[PDB]
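piece number one of the complex, untouched:
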Amino acid sequence: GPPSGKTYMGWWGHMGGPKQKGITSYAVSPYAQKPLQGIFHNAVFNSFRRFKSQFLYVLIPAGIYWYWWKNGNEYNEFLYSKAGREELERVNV
């Protein structure tokens, strides 16, 4: 068939990475391993490390936007009440 363009990924044998030397990999058979090893240690400790690392980025925008939505909702419930109809007609007209 025809050849296609220059891609940044080959297949098994010519992936197009750097030449690798000196990097030696060791693995064991899963049949000779314990799966579910360390899950009670990682569940209470490594999960706590990941939560300590990445909760300000997810929680400070959540705090800002939830406080904004709650304040806007409380201002709407003040506006369509009986005590704030003067301010309602002022800010609507």
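Nice, thanks for sending it over. Numbers count the residues shown, from 1 in each chain, chains lettered A, B, ... in the order given.

so which strand or helix has the nearest residue to residue A:16 once chain neighbours are set aside?
Counting by Cβ to Cβ, 6 or more residues apart in numbering, residue A:16 lies nearest to residue A:10, which is 4.9 Å off, once chain neighbours are set aside. C-beta coordinates here come from the backbone N, C-alpha and C atoms, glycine included. For residue A:10, there is no host helix or strand (DSSP states H and E).

next: residue A:68.
In this structure, residue A:68 sits in helix A:56-79 according to DSSP H and E.

contacts for that helix, please.
A:84, A:87-88, A:91 (Cβ atoms under 8 Å, 6 or more residues apart in numbering).

starting at the chain centroid, how far to it?
Chain-centre distance of helix A:56-79: 21 Å, with Cα atoms, centre = their mean, to the nearest Å.

over to stretch A:7-15?
That offset, for stretch A:7-15, works out to 30 Å (Cα atoms, centre = their mean).

residues of that stretch that come out buried?
Buried residues in stretch A:7-15, counted by 16 or more other Cβ atoms under 10 Å: none are found.

could I have it exported to CSV, CA atoms only?
C-alpha atoms of stretch A:7-15 as CSV (Å, rounded to 0.1, in the frame of the first residue of the first chain):
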residue,chain,number,x,y,z
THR,A,7,4.2,10.3,12.8
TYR,A,8,5.6,10.5,16.3
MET,A,9,4.8,6.8,17.0
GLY,A,10,5.8,3.6,15.3
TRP,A,11,4.9,0.1,16.2
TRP,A,12,6.6,-2.7,18.1
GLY,A,13,10.2,-2.5,17.2
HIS,A,14,10.5,1.0,15.6
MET,A,15,8.7,3.3,18.1
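
how many residues are close by residue A:79?
The local packing of residue A:79 (other Cβ atoms under 10 Å) involves 15 other residues.

could you also fit chain B onto it:
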Amino acid sequence: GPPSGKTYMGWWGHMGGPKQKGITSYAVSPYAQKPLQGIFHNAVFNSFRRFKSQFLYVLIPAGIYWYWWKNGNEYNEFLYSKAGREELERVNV
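Chain B now in position relative to the chains above:
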């Protein structure tokens, strides 16, 4: 990408035919030619050559099945007429 199986067609450059030496092609530009050259000669002469060589294979079996169909149609029309009701009940029962 991954390679596919051994096919009997390559592409432009590596088709998979044999090596060719000595066969020389000549082709002049169509912008220097006459399209519709020879259409009246080949309309009545080449067409008769092709029809004469290839009409017995198409006209003997067509005639066989058309004669069979016409004979069966005439026999059916004779059977469900008034002249052939005795033969109708005989070949029906």
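
tell me the first helix or strand C-terminal of the helix holding residue A:68.
Later in the chain than helix A:56-79, the nearest helix or strand by DSSP H and E is helix A:85-92.

helices and strands around that following helix, which ones?
Contact here means 3 or more Cβ pairs under 8 Å, 6 or more residues apart in numbering or on different chains; DSSP states H and E; on that basis helix A:85-92 packs against helix A:56-79.

so the helix it packs on versus helix A:85-92, what angle?
Relative orientation of helix A:56-79 versus helix A:85-92 (axes from the mean of the first three to the mean of the last three Cα atoms, to 10 degrees): 110 degrees.

which residues of chain A lie near chain B?
Applying Cβ under 8 Å from any Cβ of the partner chain, we find that chain A lies next to chain B at A:1-2, A:4, A:11-12.

redo that, cut-off 10 Å
The interface of chain A toward chain B, taken as Cβ under 10 Å from any Cβ of the partner chain, is made up of A:1-4, A:7, A:9-13.

that older thread, let's see the helix holding residue A:68 as PDB, backbone CA atoms only.
The C-alpha coordinates for helix A:56-79 follow below in PDB (Å, rounded to 0.1, in the frame of the first residue of the first chain):
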ATOM      1  CA  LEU A  56      -6.300  23.400  47.300                       C
ATOM      2  CA  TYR A  57      -6.600  23.500  43.500                       C
ATOM      3  CA  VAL A  58      -9.900  21.600  43.600                       C
ATOM      4  CA  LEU A  59     -11.200  23.200  46.800                       C
ATOM      5  CA  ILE A  60     -10.500  26.900  46.600                       C
ATOM      6  CA  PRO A  61     -12.400  27.400  43.300                       C
ATOM      7  CA  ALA A  62     -15.100  25.200  44.800                       C
ATOM      8  CA  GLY A  63     -15.200  27.500  47.800                       C
ATOM      9  CA  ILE A  64     -15.300  30.700  45.800                       C
ATOM     10  CA  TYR A  65     -18.000  29.500  43.400                       C
ATOM     11  CA  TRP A  66     -20.100  27.900  46.000                       C
ATOM     12  CA  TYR A  67     -20.000  31.000  48.300                       C
ATOM     13  CA  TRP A  68     -20.800  33.100  45.200                       C
ATOM     14  CA  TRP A  69     -23.800  31.000  44.300                       C
ATOM     15  CA  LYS A  70     -25.000  30.800  47.900                       C
ATOM     16  CA  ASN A  71     -24.800  34.500  48.300                       C
ATOM     17  CA  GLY A  72     -26.600  35.200  45.000                       C
ATOM     18  CA  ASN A  73     -29.300  32.700  46.000                       C
ATOM     19  CA  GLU A  74     -29.700  34.300  49.400                       C
ATOM     20  CA  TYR A  75     -29.900  37.700  47.800                       C
ATOM     21  CA  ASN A  76     -32.600  36.400  45.400                       C
ATOM     22  CA  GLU A  77     -34.600  35.000  48.400                       C
ATOM     23  CA  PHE A  78     -34.300  38.400  50.100                       C
ATOM     24  CA  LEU A  79     -35.400  40.200  46.900                       C
END
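
sequence for chain C below, add it please:
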Amino acid sequence: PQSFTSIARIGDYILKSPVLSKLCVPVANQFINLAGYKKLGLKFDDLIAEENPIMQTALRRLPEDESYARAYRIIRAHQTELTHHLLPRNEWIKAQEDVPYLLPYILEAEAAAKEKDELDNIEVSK
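One more piece, chain C, placed on the ones above:
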């Protein structure tokens, strides 16, 4: 799909017999004349479907002058049938020119493949 050893076996039995030769060879000559591949500049050993390993082996082992001649006859037949014409009667393949050139290579590669199969499926008498 039919093996060329089988065709050669049946054909050699028909040709060696004196009754069957005189009965069936003129019918075969008329069949080949009516088939009309020689009217396009082709021998029969070009007509064989080359898309199998036996035929690819035979076309690989075919020598170079026969290969270039066969290639020219195939391209000539393609140009002729493109033009919807025939070859001129001076350029038709003569009957003495329609010689089986690919048949010994086909039969040799076929005998090699049948021997390979029979040796892959032996049962040693023990």
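
chain C added, so what about the contacts of helix A:56-79 now?
A:51, A:55, A:84-85, A:87-89, A:91-92 (Cβ atoms under 10 Å, 6 or more residues apart in numbering or on different chains).

and with 6 Å instead?
In this structure, residues lying in contact with helix A:56-79 by Cβ atoms under 6 Å, 6 or more residues apart in numbering or on different chains are A:84, A:88.

buried ones in it?
Buried residues in helix A:56-79, defined by neighbour count with 16 or more other Cβ atoms under 10 Å in any protein chain shown: none.

next one: stretch A:25-45
Neighbour counts over stretch A:25-45 (16+ other Cβ under 10 Å) mark no residue as buried.

from the opening residue of that stretch to its closing one, how far?
End-to-end distance for stretch A:25-45: 28 Å, by Cα to Cα, to the nearest Å.

check stretch C:78-95 too.
Stretch C:78-95 stretches 21 Å from its first residue to its last (Cα to Cα).

in that stretch, what counts as buried?
Residues of stretch C:78-95 classed as buried: C:80, C:86-87, C:92-93 (neighbour count, 16+ other Cβ under 10 Å).

name the nearest of the residues you listed relative to chain B.
Top of the list for closeness to chain B, among those and by Cβ to the nearest Cβ, is residue C:86 at 7.6 Å.

contact residues of chain C facing chain B?
Proximity of chain C to chain B, by Cβ under 6 Å from any Cβ of the partner chain, involves residues C:51, C:67-68, C:71-72, C:75.

what's residue C:39 sitting at in phi/psi?
As for residue C:39, its main-chain torsions (degrees, to the nearest 10) stand at phi -70, psi -10.

could you report the neighbour count for it?
19 (other Cβ atoms under 10 Å in any protein chain shown).

got it, and residue C:45?
Residue C:45 has 19 neighbours, counted by other Cβ under 10 Å.

which residue is the nearest non-sequential neighbour of it?
Distance criterion Cβ to Cβ, 6 or more residues apart in numbering or on different chains; nearest residue to residue C:45, sequence neighbours excluded, is residue C:102 at 3.9 Å.
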